[PDB]
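There is one chain below, alone, in structure tokens, taken in the form deposited in one PDB entry.
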């Protein structure tokens, strides 16, 4: 009878992150997208649960892969169960999510499998650059984002699309791709700027991780000296993190170079294109979508 006990052990790390609160964008996008597609409540529920597992599982891996001590102000899962159990649960949960997607969807699965694997191709580059200290170009950065976060929006879109036109499809493609860039570029921006992100992750958590955000990329390829900046980055990699003053030192250089102003420029332009794409769909479709415009608006600053 204690087969239930074994299941609880296996899914304990998953039940942890899924329990905090943490959500927002994911569920909102599915709801907003469905205000257009009008997919049955039962089918969107099956899609929601699968995407949630998929998203939460990648968070389990990401926090471990990025060595993040905090998620949503609480300890990250691998600081509760340890990295070994967390990774084991996460990998299992992904397979479980794929099985669920198989159960209500035909094949094509052979399209979702492909896109799920693209997510890993995206993570691969992100982790590769961080680990070996290679600064990517701005375009490589965008391509990486399209794969690791943009593809995540695409998956939820493809699922809802297959449960509902024709030309409308190649417009949602432009939507999810632009949306993916908005999310990540904001996420990297807010990590260094916002004080909520400071409370839900720690002060400049990305600088401990050593990820290459758009601000750093822009000023690294910006032709001036930066002997100091280059060396603290190396110092951080050698110590596995930075002190509060070191992070502040990085921010001040960023401020002095106005590289965050560039990031703000890209985000505003992205919102312009996304506004246009949304209205393009609302016109091409029956009626407008305040839910999608809300989500877009939640993504500025």
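Take the two forms, find the largest set of C-alpha atoms that superpose within 1.5 Å, and that set is the rigid core. Numbering follows the first chain given and starts at 1.
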Inset, instruction - Pick one of none, 1 to 3, 4 to 9 or 10 or more for the number of deposited-sequence residues not modelled between residue 108 and residue 109. - result: 1 to 3
Inset, instruction - Count, per the entry, the deposited residues between residue 164 and residue 165 that are not modelled, and return the matching class: none, 1 to 3, 4 to 9, or 10 or more. - result: 4 to 9
Inset, instruction - State which stretch shows the higher mean Cα B factor in the entry: 127-135 or 196-204. - result: 196-204
Inset, instruction - Averaging only over Cα atoms, indicate whether 38-46 or 62-70 has the higher B-factor in the PDB entry. - result: 38-46
Inset, instruction - Among the candidates 112, 152, 84, 179, give the one with the maximum CA B-factor reported in the record. - result: 112
Inset, instruction - Can you pull the Cα B-factors for 244, 30, 53, 232 from the entry and say which is highest? - result: 30
Inset, instruction - Using the B-factors in the PDB entry, rank residue 171's C-alpha atom against the chain and give the third, lowest, middle or highest. - result: highest
Inset, instruction - Would you check the entry's CA temperature factor for residue 120 and let me know if it's in the chain's lowest, middle or highest third? - result: lowest
Inset, instruction - Compare the C-alpha B factor of residue 97 with those of the other modelled residues in its chain, then answer lowest, middle or highest third. - result: middle
Legend entry - Where the record places residue 299 (Cα B-factor, split into thirds across the chain): lowest
Inset, instruction - Rank-wise, by C-alpha B-factor, drop residue 57 into the lowest, middle or highest third of its chain. - result: lowest
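The following text describes the form deposited in another entry, which does not appear among the structures shown.
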Inset, instruction - Please say whether, between the shown form and the other one, the C-alpha of residue 254 moves by 2 Å or more once the core is aligned. - result: no
Legend entry - Yes/no, residue 174 Cα shift of 2 Å or more between the shown form and the other one with rigid core fixed: no
Legend entry - Core-aligned C-alpha movement of residue 218 between the shown form and the other one reaching 2 Å: no
Legend entry - Residue pair residue 243, residue 58 - Cα distance in the other entry, closer or farther (3 Å or more): closer
